[PDB]
>>> print(open('my_file.txt').read())   # compact mmCIF, N, CA, C and O atoms
# COMPACT_ATOMS: atom_id res chain seq x y z
N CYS A 509 124.30 74.36 86.38
CA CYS A 509 125.01 74.79 87.62
C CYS A 509 126.31 73.98 87.75
O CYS A 509 126.29 72.77 87.88
N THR A 510 127.43 74.64 87.71
CA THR A 510 128.73 73.91 87.84
C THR A 510 129.00 73.60 89.31
O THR A 510 128.09 73.46 90.10
N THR A 511 130.24 73.50 89.68
CA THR A 511 130.57 73.21 91.10
C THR A 511 129.80 74.18 92.00
O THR A 511 130.04 75.36 91.98
N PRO A 512 128.89 73.63 92.76
CA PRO A 512 128.07 74.43 93.69
C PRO A 512 128.91 74.82 94.90
O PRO A 512 128.55 75.70 95.67
N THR A 513 130.03 74.19 95.07
CA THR A 513 130.92 74.52 96.22
C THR A 513 131.91 75.61 95.79
O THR A 513 132.60 76.18 96.61
N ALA A 514 131.98 75.91 94.52
CA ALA A 514 132.93 76.96 94.06
C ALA A 514 132.18 78.25 93.75
O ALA A 514 131.14 78.24 93.12
N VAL A 515 132.71 79.36 94.16
CA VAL A 515 132.04 80.65 93.87
C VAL A 515 133.06 81.62 93.26
O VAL A 515 134.18 81.73 93.72
N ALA A 516 132.69 82.32 92.22
CA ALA A 516 133.66 83.27 91.59
C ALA A 516 133.70 84.54 92.43
O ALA A 516 132.69 85.16 92.70
N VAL A 517 134.87 84.93 92.86
CA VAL A 517 134.98 86.15 93.72
C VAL A 517 135.81 87.24 93.03
O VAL A 517 136.97 87.04 92.71
N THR A 518 135.24 88.39 92.81
CA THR A 518 136.01 89.50 92.16
C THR A 518 136.70 90.35 93.22
O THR A 518 136.08 90.89 94.12
N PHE A 519 137.99 90.48 93.10
CA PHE A 519 138.76 91.30 94.08
C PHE A 519 138.95 92.70 93.51
O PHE A 519 139.70 92.90 92.59
N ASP A 520 138.24 93.67 94.03
CA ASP A 520 138.35 95.06 93.47
C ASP A 520 139.23 96.01 94.29
O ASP A 520 139.17 96.07 95.50
N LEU A 521 140.01 96.80 93.58
CA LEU A 521 140.88 97.84 94.22
C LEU A 521 140.29 99.22 94.19
O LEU A 521 139.93 99.75 93.16
N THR A 522 140.37 99.87 95.30
CA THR A 522 140.02 101.29 95.31
C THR A 522 141.37 101.96 95.18
O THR A 522 142.07 102.18 96.16
N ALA A 523 141.78 102.20 93.97
CA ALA A 523 143.13 102.77 93.75
C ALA A 523 143.17 103.49 92.40
O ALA A 523 143.08 102.88 91.36
N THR A 524 143.30 104.79 92.42
CA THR A 524 143.34 105.55 91.14
C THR A 524 144.79 105.67 90.68
O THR A 524 145.21 106.68 90.15
N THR A 525 145.54 104.63 90.86
CA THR A 525 146.97 104.64 90.43
C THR A 525 147.07 105.20 89.01
O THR A 525 146.09 105.28 88.29
N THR A 526 148.23 105.61 88.59
CA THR A 526 148.36 106.18 87.21
C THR A 526 149.63 105.65 86.54
O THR A 526 150.02 106.09 85.48
N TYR A 527 150.28 104.71 87.17
CA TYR A 527 151.53 104.14 86.58
C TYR A 527 151.17 102.97 85.66
O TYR A 527 150.02 102.60 85.54
N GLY A 528 152.14 102.41 84.99
CA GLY A 528 151.85 101.27 84.07
C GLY A 528 151.92 99.94 84.83
O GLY A 528 151.99 98.89 84.23
N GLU A 529 151.90 99.99 86.13
CA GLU A 529 151.97 98.72 86.91
C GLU A 529 150.61 98.02 86.87
O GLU A 529 149.72 98.41 86.15
N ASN A 530 150.45 96.97 87.64
CA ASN A 530 149.15 96.24 87.64
C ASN A 530 149.00 95.56 88.99
O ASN A 530 149.96 95.06 89.54
N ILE A 531 147.83 95.51 89.52
CA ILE A 531 147.67 94.83 90.82
C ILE A 531 147.26 93.39 90.63
O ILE A 531 146.13 93.10 90.32
N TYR A 532 148.16 92.49 90.86
CA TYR A 532 147.79 91.06 90.73
C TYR A 532 147.13 90.62 92.03
O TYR A 532 146.87 91.42 92.91
N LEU A 533 146.88 89.35 92.17
CA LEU A 533 146.25 88.86 93.42
C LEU A 533 146.55 87.37 93.59
O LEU A 533 146.24 86.56 92.74
N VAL A 534 147.10 87.01 94.70
CA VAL A 534 147.38 85.57 94.96
C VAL A 534 146.51 85.18 96.16
O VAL A 534 145.73 85.99 96.63
N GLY A 535 146.57 83.97 96.64
CA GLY A 535 145.64 83.63 97.76
C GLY A 535 146.22 82.57 98.69
O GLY A 535 147.34 82.14 98.54
N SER A 536 145.44 82.17 99.66
CA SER A 536 145.91 81.15 100.64
C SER A 536 145.61 79.74 100.14
O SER A 536 145.68 78.78 100.89
N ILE A 537 145.27 79.59 98.89
CA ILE A 537 144.98 78.23 98.36
C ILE A 537 145.54 78.12 96.95
O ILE A 537 145.89 79.11 96.33
N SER A 538 145.63 76.93 96.42
CA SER A 538 146.18 76.78 95.05
C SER A 538 145.44 77.70 94.08
O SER A 538 146.03 78.24 93.19
N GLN A 539 144.16 77.86 94.24
CA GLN A 539 143.39 78.74 93.31
C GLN A 539 144.22 79.98 92.97
O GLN A 539 144.24 80.43 91.84
N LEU A 540 144.92 80.53 93.93
CA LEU A 540 145.76 81.73 93.65
C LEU A 540 147.22 81.31 93.62
O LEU A 540 148.08 82.00 94.13
N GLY A 541 147.49 80.20 93.03
CA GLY A 541 148.90 79.71 92.95
C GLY A 541 149.41 79.39 94.35
O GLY A 541 150.60 79.27 94.58
N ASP A 542 148.52 79.24 95.29
CA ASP A 542 148.94 78.92 96.69
C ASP A 542 149.36 80.19 97.42
O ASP A 542 148.74 80.61 98.38
N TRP A 543 150.40 80.79 96.96
CA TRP A 543 150.90 82.05 97.57
C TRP A 543 152.03 82.60 96.72
O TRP A 543 153.01 83.11 97.22
N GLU A 544 151.88 82.51 95.44
CA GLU A 544 152.93 83.05 94.54
C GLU A 544 152.33 84.23 93.80
O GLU A 544 151.23 84.15 93.28
N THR A 545 153.01 85.32 93.76
CA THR A 545 152.43 86.49 93.06
C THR A 545 152.68 86.33 91.56
O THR A 545 151.92 86.81 90.74
N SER A 546 153.73 85.65 91.19
CA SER A 546 154.03 85.44 89.76
C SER A 546 153.13 84.34 89.24
O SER A 546 153.00 84.12 88.05
N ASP A 547 152.48 83.67 90.13
CA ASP A 547 151.54 82.58 89.74
C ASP A 547 150.15 82.96 90.21
O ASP A 547 149.17 82.30 89.92
N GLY A 548 150.05 84.05 90.92
CA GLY A 548 148.72 84.52 91.40
C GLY A 548 147.90 84.88 90.17
O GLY A 548 147.74 84.09 89.27
N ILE A 549 147.39 86.08 90.10
CA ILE A 549 146.61 86.47 88.90
C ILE A 549 146.52 87.99 88.78
O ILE A 549 146.08 88.67 89.68
N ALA A 550 146.94 88.52 87.66
CA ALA A 550 146.88 89.99 87.48
C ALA A 550 145.43 90.44 87.48
O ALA A 550 144.56 89.77 86.96
N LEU A 551 145.16 91.58 88.04
CA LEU A 551 143.76 92.08 88.06
C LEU A 551 143.59 93.10 86.95
O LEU A 551 144.54 93.47 86.29
N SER A 552 142.40 93.55 86.71
CA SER A 552 142.23 94.55 85.63
C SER A 552 141.57 95.83 86.17
O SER A 552 141.20 95.91 87.32
N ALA A 553 141.47 96.83 85.34
CA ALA A 553 140.87 98.12 85.78
C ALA A 553 139.72 98.51 84.87
O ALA A 553 139.53 99.66 84.54
N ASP A 554 138.93 97.56 84.46
CA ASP A 554 137.79 97.86 83.57
C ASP A 554 136.85 98.85 84.27
O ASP A 554 136.27 99.71 83.64
N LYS A 555 136.71 98.75 85.56
CA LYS A 555 135.83 99.70 86.30
C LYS A 555 136.72 100.66 87.09
O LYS A 555 136.39 101.08 88.18
N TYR A 556 137.86 100.98 86.55
CA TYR A 556 138.80 101.88 87.25
C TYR A 556 139.46 102.82 86.23
O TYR A 556 140.15 102.38 85.33
N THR A 557 139.27 104.10 86.38
CA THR A 557 139.91 105.05 85.43
C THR A 557 140.16 106.40 86.11
O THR A 557 141.29 106.79 86.32
N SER A 558 139.12 107.12 86.46
CA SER A 558 139.33 108.44 87.12
C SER A 558 138.18 108.71 88.09
O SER A 558 138.39 109.16 89.20
N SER A 559 136.97 108.45 87.68
CA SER A 559 135.81 108.69 88.59
C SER A 559 135.85 107.69 89.74
O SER A 559 135.91 108.05 90.90
N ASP A 560 135.80 106.43 89.42
CA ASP A 560 135.83 105.39 90.49
C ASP A 560 136.84 104.30 90.10
O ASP A 560 136.59 103.52 89.20
N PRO A 561 137.95 104.27 90.80
CA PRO A 561 139.01 103.30 90.56
C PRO A 561 138.69 101.97 91.21
O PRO A 561 138.82 101.80 92.40
N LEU A 562 138.26 101.02 90.43
CA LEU A 562 137.91 99.71 91.01
C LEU A 562 138.53 98.57 90.20
O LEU A 562 138.01 98.17 89.18
N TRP A 563 139.59 98.00 90.69
CA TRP A 563 140.19 96.84 89.99
C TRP A 563 139.34 95.64 90.35
O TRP A 563 138.35 95.77 91.04
N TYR A 564 139.77 94.48 89.98
CA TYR A 564 139.06 93.26 90.40
C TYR A 564 139.22 92.12 89.43
O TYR A 564 139.36 92.28 88.22
N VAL A 565 139.20 90.97 90.01
CA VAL A 565 139.31 89.69 89.27
C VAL A 565 138.42 88.68 89.92
O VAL A 565 138.43 88.49 91.12
N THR A 566 137.65 88.01 89.14
CA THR A 566 136.74 86.99 89.72
C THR A 566 137.44 85.64 89.75
O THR A 566 137.19 84.77 88.94
N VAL A 567 138.32 85.44 90.67
CA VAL A 567 139.04 84.14 90.75
C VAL A 567 138.11 83.11 91.37
O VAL A 567 137.68 83.25 92.50
N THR A 568 137.81 82.07 90.66
CA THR A 568 136.92 81.04 91.23
C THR A 568 137.47 80.57 92.57
O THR A 568 138.62 80.75 92.90
N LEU A 569 136.63 79.96 93.35
CA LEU A 569 137.06 79.45 94.68
C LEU A 569 136.18 78.25 95.03
O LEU A 569 135.09 78.40 95.54
N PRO A 570 136.68 77.08 94.69
CA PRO A 570 135.96 75.81 94.89
C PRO A 570 135.91 75.41 96.35
O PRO A 570 136.87 75.54 97.09
N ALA A 571 134.79 74.90 96.75
CA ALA A 571 134.60 74.45 98.15
C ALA A 571 134.39 75.66 99.07
O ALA A 571 135.34 76.28 99.50
N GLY A 572 133.16 75.97 99.38
CA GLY A 572 132.87 77.12 100.29
C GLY A 572 134.05 77.31 101.23
O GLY A 572 134.72 76.36 101.59
N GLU A 573 134.35 78.51 101.63
CA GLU A 573 135.53 78.69 102.52
C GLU A 573 135.82 80.16 102.80
O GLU A 573 135.65 81.01 101.95
N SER A 574 136.31 80.46 103.98
CA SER A 574 136.67 81.86 104.31
C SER A 574 138.08 82.11 103.78
O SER A 574 138.95 82.62 104.46
N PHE A 575 138.31 81.72 102.55
CA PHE A 575 139.65 81.88 101.92
C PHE A 575 140.33 83.17 102.39
O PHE A 575 139.70 84.09 102.86
N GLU A 576 141.63 83.23 102.24
CA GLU A 576 142.37 84.46 102.64
C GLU A 576 143.22 84.91 101.46
O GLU A 576 144.22 84.30 101.13
N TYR A 577 142.82 85.95 100.79
CA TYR A 577 143.59 86.43 99.61
C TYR A 577 144.07 87.86 99.82
O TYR A 577 143.47 88.62 100.56
N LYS A 578 145.13 88.23 99.17
CA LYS A 578 145.65 89.62 99.34
C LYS A 578 146.18 90.15 98.00
O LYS A 578 146.31 89.42 97.04
N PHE A 579 146.46 91.42 97.94
CA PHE A 579 146.94 92.03 96.67
C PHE A 579 148.48 92.02 96.59
O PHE A 579 149.18 91.73 97.56
N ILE A 580 149.00 92.34 95.43
CA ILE A 580 150.48 92.38 95.20
C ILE A 580 150.78 93.51 94.19
O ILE A 580 150.04 93.71 93.24
N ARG A 581 151.86 94.21 94.37
CA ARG A 581 152.22 95.30 93.41
C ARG A 581 153.08 94.66 92.32
O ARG A 581 154.25 94.46 92.50
N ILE A 582 152.51 94.30 91.21
CA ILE A 582 153.33 93.62 90.17
C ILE A 582 153.78 94.60 89.09
O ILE A 582 152.99 95.22 88.41
N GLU A 583 155.07 94.71 88.93
CA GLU A 583 155.65 95.61 87.90
C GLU A 583 155.43 95.00 86.52
O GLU A 583 154.72 94.03 86.37
N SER A 584 156.05 95.54 85.52
CA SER A 584 155.89 94.96 84.16
C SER A 584 156.42 93.53 84.19
O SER A 584 156.34 92.79 83.23
N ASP A 585 156.95 93.14 85.31
CA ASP A 585 157.49 91.76 85.46
C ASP A 585 156.92 91.15 86.75
O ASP A 585 155.99 91.66 87.33
N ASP A 586 157.47 90.06 87.17
CA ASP A 586 156.98 89.38 88.41
C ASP A 586 157.53 90.06 89.66
O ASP A 586 157.39 89.56 90.75
N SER A 587 158.13 91.21 89.53
CA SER A 587 158.64 91.90 90.76
C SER A 587 157.43 92.54 91.41
O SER A 587 156.62 93.14 90.74
N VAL A 588 157.24 92.40 92.69
CA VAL A 588 156.00 93.01 93.24
C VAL A 588 156.09 93.31 94.73
O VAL A 588 157.07 93.05 95.40
N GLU A 589 154.99 93.80 95.22
CA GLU A 589 154.83 94.09 96.67
C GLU A 589 153.66 93.27 97.11
O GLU A 589 153.07 92.56 96.31
N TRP A 590 153.37 93.23 98.35
CA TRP A 590 152.33 92.31 98.73
C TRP A 590 151.49 92.75 99.91
O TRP A 590 151.64 93.80 100.50
N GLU A 591 150.61 91.86 100.25
CA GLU A 591 149.69 92.03 101.40
C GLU A 591 150.38 92.73 102.56
O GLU A 591 151.46 92.35 102.96
N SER A 592 149.73 93.66 103.18
CA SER A 592 150.34 94.22 104.40
C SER A 592 150.31 93.04 105.35
O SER A 592 150.59 91.93 104.95
N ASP A 593 149.93 93.21 106.57
CA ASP A 593 149.86 92.00 107.43
C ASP A 593 148.46 91.41 107.37
O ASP A 593 148.30 90.23 107.11
N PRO A 594 147.48 92.23 107.63
CA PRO A 594 146.09 91.78 107.64
C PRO A 594 145.62 91.55 106.21
O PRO A 594 145.12 92.44 105.55
N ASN A 595 145.79 90.36 105.75
CA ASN A 595 145.36 90.04 104.36
C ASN A 595 143.84 90.13 104.27
O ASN A 595 143.19 90.68 105.15
N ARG A 596 143.25 89.61 103.23
CA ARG A 596 141.77 89.68 103.10
C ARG A 596 141.21 88.26 103.13
O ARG A 596 141.94 87.29 103.06
N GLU A 597 139.92 88.12 103.23
CA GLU A 597 139.33 86.76 103.26
C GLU A 597 137.98 86.76 102.56
O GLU A 597 137.34 87.78 102.41
N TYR A 598 137.53 85.61 102.13
CA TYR A 598 136.22 85.53 101.45
C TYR A 598 135.54 84.22 101.82
O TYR A 598 136.19 83.21 102.01
N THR A 599 134.24 84.22 101.91
CA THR A 599 133.53 82.96 102.25
C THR A 599 132.74 82.46 101.05
O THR A 599 131.70 82.99 100.71
N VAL A 600 133.23 81.44 100.42
CA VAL A 600 132.51 80.88 99.25
C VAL A 600 131.23 80.22 99.75
O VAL A 600 131.29 79.26 100.50
N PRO A 601 130.11 80.76 99.34
CA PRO A 601 128.79 80.25 99.74
C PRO A 601 128.43 78.99 98.95
O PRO A 601 129.15 78.59 98.05
N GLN A 602 127.34 78.37 99.27
CA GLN A 602 126.93 77.13 98.54
C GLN A 602 125.67 77.42 97.73
O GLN A 602 124.64 76.81 97.93
N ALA A 603 125.74 78.35 96.81
CA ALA A 603 124.54 78.67 95.99
C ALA A 603 124.71 78.10 94.58
O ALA A 603 125.74 78.27 93.95
N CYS A 604 123.71 77.43 94.08
CA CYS A 604 123.82 76.84 92.71
C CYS A 604 123.25 77.83 91.70
O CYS A 604 122.15 78.33 91.84
N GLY A 605 123.99 78.13 90.66
CA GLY A 605 123.49 79.09 89.64
C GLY A 605 124.17 80.45 89.84
O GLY A 605 124.94 80.90 89.02
N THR A 606 123.90 81.10 90.94
CA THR A 606 124.54 82.42 91.20
C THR A 606 125.92 82.20 91.83
O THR A 606 126.12 82.42 93.01
N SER A 607 126.87 81.77 91.05
CA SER A 607 128.24 81.54 91.61
C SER A 607 129.02 82.85 91.59
O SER A 607 130.05 82.96 90.95
N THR A 608 128.55 83.84 92.30
CA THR A 608 129.28 85.14 92.33
C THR A 608 129.82 85.39 93.73
O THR A 608 129.35 84.82 94.70
N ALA A 609 130.80 86.24 93.86
CA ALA A 609 131.37 86.52 95.20
C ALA A 609 131.98 87.92 95.22
O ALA A 609 132.03 88.60 94.21
N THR A 610 132.42 88.38 96.36
CA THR A 610 132.99 89.75 96.45
C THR A 610 134.20 89.81 97.39
O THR A 610 134.24 89.18 98.42
N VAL A 611 135.16 90.62 97.03
CA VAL A 611 136.37 90.81 97.89
C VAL A 611 136.93 92.20 97.59
O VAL A 611 137.53 92.42 96.56
N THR A 612 136.69 93.15 98.45
CA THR A 612 137.16 94.53 98.18
C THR A 612 138.65 94.69 98.50
O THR A 612 139.03 94.96 99.62
N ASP A 613 139.48 94.56 97.51
CA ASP A 613 140.94 94.75 97.73
C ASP A 613 141.26 96.23 97.56
O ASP A 613 140.88 96.86 96.59
N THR A 614 141.95 96.82 98.49
CA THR A 614 142.27 98.26 98.34
C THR A 614 143.73 98.39 97.91
O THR A 614 144.59 97.69 98.41
N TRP A 615 144.02 99.28 97.00
CA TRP A 615 145.44 99.41 96.58
C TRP A 615 145.96 100.81 96.90
O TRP A 615 147.14 101.01 97.13
N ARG A 616 145.10 101.79 96.92
CA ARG A 616 145.56 103.17 97.23
C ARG A 616 145.89 103.28 98.72
O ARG A 616 145.13 103.91 99.43
>>> encode(input="my_file.txt", output="structure tokens")
Amino acid sequence: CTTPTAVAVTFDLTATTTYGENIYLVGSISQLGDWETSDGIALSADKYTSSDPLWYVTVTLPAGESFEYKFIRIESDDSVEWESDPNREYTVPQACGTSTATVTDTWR
């Protein structure tokens, strides 16, 4: 069991986008580069294609916390768009072994 205070949280997008862009994700703590989209983290679409568009990235989050993370529209470069106003949040639990978490980021 690694850091019991850190939980991996996957941020998934409900977005059937079809462009060559990518939805990155930054956060309210250094874990997500503090608040930089070019330092945040690009997400992937392994569970997103046509039937169910679900992006997501399991960005670790050390020290239980109602972290506040949001999405960003990142072009083939660091140019992007970002959180509307109401960003998202996650509460890192204190479970040893099952260090998993969830954050439903919507992009569509």
>>> residues_around(input="my_file.txt", residues="segment 577-585 of chain A", least_positions_apart="3", cutoff="8 Å", atoms="all atoms listed in the file", output="CSV table (one decimal) with N, CA, C and O atoms, in the coordinates of the input")
chain,number,residue,atom,x,y,z
A,528,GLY,N,152.1,102.4,85.0
A,528,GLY,CA,151.8,101.3,84.1
A,528,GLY,C,151.9,99.9,84.8
A,528,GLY,O,152.0,98.9,84.2
A,529,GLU,N,151.9,100.0,86.1
A,529,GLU,CA,152.0,98.7,86.9
A,529,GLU,C,150.6,98.0,86.9
A,529,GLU,O,149.7,98.4,86.2
A,530,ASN,N,150.4,97.0,87.6
A,530,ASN,CA,149.2,96.2,87.6
A,530,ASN,C,149.0,95.6,89.0
A,530,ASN,O,150.0,95.1,89.5
A,531,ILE,N,147.8,95.5,89.5
A,531,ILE,CA,147.7,94.8,90.8
A,531,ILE,C,147.3,93.4,90.6
A,531,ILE,O,146.1,93.1,90.3
A,532,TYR,N,148.2,92.5,90.9
A,532,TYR,CA,147.8,91.1,90.7
A,532,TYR,C,147.1,90.6,92.0
A,532,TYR,O,146.9,91.4,92.9
A,533,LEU,N,146.9,89.4,92.2
A,533,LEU,CA,146.2,88.9,93.4
A,533,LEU,C,146.6,87.4,93.6
A,533,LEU,O,146.2,86.6,92.7
A,534,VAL,N,147.1,87.0,94.7
A,534,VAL,CA,147.4,85.6,95.0
A,534,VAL,C,146.5,85.2,96.2
A,534,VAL,O,145.7,86.0,96.6
A,535,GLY,N,146.6,84.0,96.6
A,535,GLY,CA,145.6,83.6,97.8
A,535,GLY,C,146.2,82.6,98.7
A,535,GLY,O,147.3,82.1,98.5
A,536,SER,N,145.4,82.2,99.7
A,536,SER,CA,145.9,81.2,100.6
A,536,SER,C,145.6,79.7,100.1
A,536,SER,O,145.7,78.8,100.9
A,537,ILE,N,145.3,79.6,98.9
A,537,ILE,CA,145.0,78.2,98.4
A,537,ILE,C,145.5,78.1,97.0
A,537,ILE,O,145.9,79.1,96.3
A,540,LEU,N,144.9,80.5,93.9
A,540,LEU,CA,145.8,81.7,93.6
A,540,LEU,C,147.2,81.3,93.6
A,540,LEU,O,148.1,82.0,94.1
A,542,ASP,N,148.5,79.2,95.3
A,542,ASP,CA,148.9,78.9,96.7
A,542,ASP,C,149.4,80.2,97.4
A,542,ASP,O,148.7,80.6,98.4
A,545,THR,N,153.0,85.3,93.8
A,545,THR,CA,152.4,86.5,93.1
A,545,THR,C,152.7,86.3,91.6
A,545,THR,O,151.9,86.8,90.7
A,546,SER,N,153.7,85.6,91.2
A,546,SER,CA,154.0,85.4,89.8
A,546,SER,C,153.1,84.3,89.2
A,546,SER,O,153.0,84.1,88.0
A,548,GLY,N,150.0,84.0,90.9
A,548,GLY,CA,148.7,84.5,91.4
A,548,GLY,C,147.9,84.9,90.2
A,548,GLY,O,147.7,84.1,89.3
A,549,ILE,N,147.4,86.1,90.1
A,549,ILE,CA,146.6,86.5,88.9
A,549,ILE,C,146.5,88.0,88.8
A,549,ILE,O,146.1,88.7,89.7
A,550,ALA,N,146.9,88.5,87.7
A,550,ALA,CA,146.9,90.0,87.5
A,550,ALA,C,145.4,90.4,87.5
A,550,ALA,O,144.6,89.8,87.0
A,551,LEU,N,145.2,91.6,88.0
A,551,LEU,CA,143.8,92.1,88.1
A,551,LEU,C,143.6,93.1,87.0
A,551,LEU,O,144.5,93.5,86.3
A,574,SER,N,136.3,80.5,104.0
A,574,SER,CA,136.7,81.9,104.3
A,574,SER,C,138.1,82.1,103.8
A,574,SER,O,139.0,82.6,104.5
A,588,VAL,N,157.2,92.4,92.7
A,588,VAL,CA,156.0,93.0,93.2
A,588,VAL,C,156.1,93.3,94.7
A,588,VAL,O,157.1,93.0,95.4
A,589,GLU,N,155.0,93.8,95.2
A,589,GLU,CA,154.8,94.1,96.7
A,589,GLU,C,153.7,93.3,97.1
A,589,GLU,O,153.1,92.6,96.3
A,590,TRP,N,153.4,93.2,98.4
A,590,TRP,CA,152.3,92.3,98.7
A,590,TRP,C,151.5,92.8,99.9
A,590,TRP,O,151.6,93.8,100.5
A,591,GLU,N,150.6,91.9,100.2
A,591,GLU,CA,149.7,92.0,101.4
A,591,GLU,C,150.4,92.7,102.6
A,591,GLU,O,151.5,92.4,103.0
A,592,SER,N,149.7,93.7,103.2
A,592,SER,CA,150.3,94.2,104.4
A,592,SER,C,150.3,93.0,105.4
A,592,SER,O,150.6,91.9,105.0
A,594,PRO,N,147.5,92.2,107.6
A,594,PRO,CA,146.1,91.8,107.6
A,594,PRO,C,145.6,91.6,106.2
A,594,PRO,O,145.1,92.4,105.6
A,595,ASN,N,145.8,90.4,105.8
A,595,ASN,CA,145.4,90.0,104.4
A,595,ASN,C,143.8,90.1,104.3
A,595,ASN,O,143.2,90.7,105.2
A,596,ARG,N,143.2,89.6,103.2
A,596,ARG,CA,141.8,89.7,103.1
A,596,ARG,C,141.2,88.3,103.1
A,596,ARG,O,141.9,87.3,103.1
A,597,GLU,N,139.9,88.1,103.2
A,597,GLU,CA,139.3,86.8,103.3
A,597,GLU,C,138.0,86.8,102.6
A,597,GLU,O,137.3,87.8,102.4
A,598,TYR,N,137.5,85.6,102.1
A,598,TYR,CA,136.2,85.5,101.4
A,598,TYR,C,135.5,84.2,101.8
A,598,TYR,O,136.2,83.2,102.0
A,611,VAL,N,135.2,90.6,97.0
A,611,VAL,CA,136.4,90.8,97.9
A,611,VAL,C,136.9,92.2,97.6
A,611,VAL,O,137.5,92.4,96.6
A,612,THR,N,136.7,93.2,98.4
A,612,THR,CA,137.2,94.5,98.2
A,612,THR,C,138.6,94.7,98.5
A,612,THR,O,139.0,95.0,99.6
A,613,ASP,N,139.5,94.6,97.5
A,613,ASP,CA,140.9,94.8,97.7
A,613,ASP,C,141.3,96.2,97.6
A,613,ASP,O,140.9,96.9,96.6
A,614,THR,N,142.0,96.8,98.5
A,614,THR,CA,142.3,98.3,98.3
A,614,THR,C,143.7,98.4,97.9
A,614,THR,O,144.6,97.7,98.4
A,615,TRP,N,144.0,99.3,97.0
A,615,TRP,CA,145.4,99.4,96.6
A,615,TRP,C,146.0,100.8,96.9
A,615,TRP,O,147.1,101.0,97.1
>>> closest_residue(input="my_file.txt", among="A:586, A:616, A:573, A:610", to="residue 521 of chain A", atoms="only C-alpha atoms")
A:616
>>> closest_residue(input="my_file.txt", among="A:602, A:511, A:539, A:526", to="residue 567 of chain A", atoms="all atoms listed in the file")
A:539
>>> atom_distance(input="my_file.txt", atom1="atom CA of residue 512 of chain A", atom2="atom CA of residue 570 of chain A")
8.1 Å
>>> residues_around(input="my_file.txt", residues="residue 513 of chain A", least_positions_apart="6", cutoff="10 Å", atoms="only C-alpha atoms", output="ChimeraX atom specification")
/A:569-573,600-604,607
>>> atom_distance(input="my_file.txt", atom1="atom N of residue 608 of chain A", atom2="atom C of residue 576 of chain A")
17.3 Å
>>> atom_distance(input="my_file.txt", atom1="atom O of residue 541 of chain A", atom2="atom N of residue 522 of chain A")
23.0 Å
>>> select_by_dssp(input="my_file.txt", residues="segment 519-590 of chain A", states="strand (DSSP E)", output="NGL selection string")
:A and (519-521 or 530-535 or 549-550 or 552-555 or 562-564 or 566-567 or 574-582)
>>> closest_residue(input="my_file.txt", among="A:517, A:510, A:524, A:543", to="residue 557 of chain A", atoms="all atoms listed in the file")
A:524
>>> residues_around(input="my_file.txt", residues="residue 566 of chain A", least_positions_apart="5", cutoff="7 Å", atoms="all atoms listed in the file", output="ChimeraX atom specification")
/A:515-519,609
>>> closest_residue(input="my_file.txt", among="A:538, A:599, A:558, A:568", to="residue 523 of chain A", atoms="all atoms listed in the file")
A:558
>>> decode(input="my_file.txt", residues="segment 533-545 of chain A", atoms="N, CA and C atoms", output="short mmCIF file (atom, residue, chain, number, x, y, z; two decimals), in the first residue's frame")
data_model
loop_
_atom_site.label_atom_id
_atom_site.label_comp_id
_atom_site.auth_asym_id
_atom_site.auth_seq_id
_atom_site.Cartn_x
_atom_site.Cartn_y
_atom_site.Cartn_z
N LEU A 533 -6.25 18.23 -18.44
CA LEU A 533 -6.90 18.48 -17.12
C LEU A 533 -5.88 19.04 -16.14
N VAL A 534 -6.16 20.17 -15.57
CA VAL A 534 -5.24 20.75 -14.57
C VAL A 534 -6.00 20.78 -13.25
N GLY A 535 -5.45 21.26 -12.18
CA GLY A 535 -6.22 21.19 -10.90
C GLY A 535 -5.89 22.34 -9.96
N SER A 536 -6.47 22.31 -8.78
CA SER A 536 -6.24 23.39 -7.79
C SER A 536 -5.03 23.07 -6.92
N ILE A 537 -4.23 22.12 -7.31
CA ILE A 537 -3.03 21.79 -6.49
C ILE A 537 -1.87 21.46 -7.43
N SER A 538 -0.67 21.42 -6.92
CA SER A 538 0.49 21.12 -7.80
C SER A 538 0.23 19.84 -8.59
N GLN A 539 -0.39 18.86 -7.99
CA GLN A 539 -0.65 17.59 -8.72
C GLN A 539 -1.03 17.89 -10.18
N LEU A 540 -1.82 18.91 -10.39
CA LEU A 540 -2.21 19.26 -11.78
C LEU A 540 -1.44 20.50 -12.22
N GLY A 541 -0.20 20.56 -11.88
CA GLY A 541 0.64 21.73 -12.27
C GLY A 541 0.12 22.98 -11.56
N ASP A 542 -0.66 22.80 -10.53
CA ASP A 542 -1.19 23.98 -9.78
C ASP A 542 -2.42 24.54 -10.49
N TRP A 543 -2.22 25.03 -11.66
CA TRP A 543 -3.34 25.60 -12.46
C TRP A 543 -2.82 25.97 -13.84
N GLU A 544 -1.99 25.14 -14.38
CA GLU A 544 -1.46 25.41 -15.73
C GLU A 544 -1.99 24.33 -16.65
N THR A 545 -2.52 24.71 -17.77
CA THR A 545 -3.07 23.67 -18.67
C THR A 545 -1.92 23.05 -19.47
#
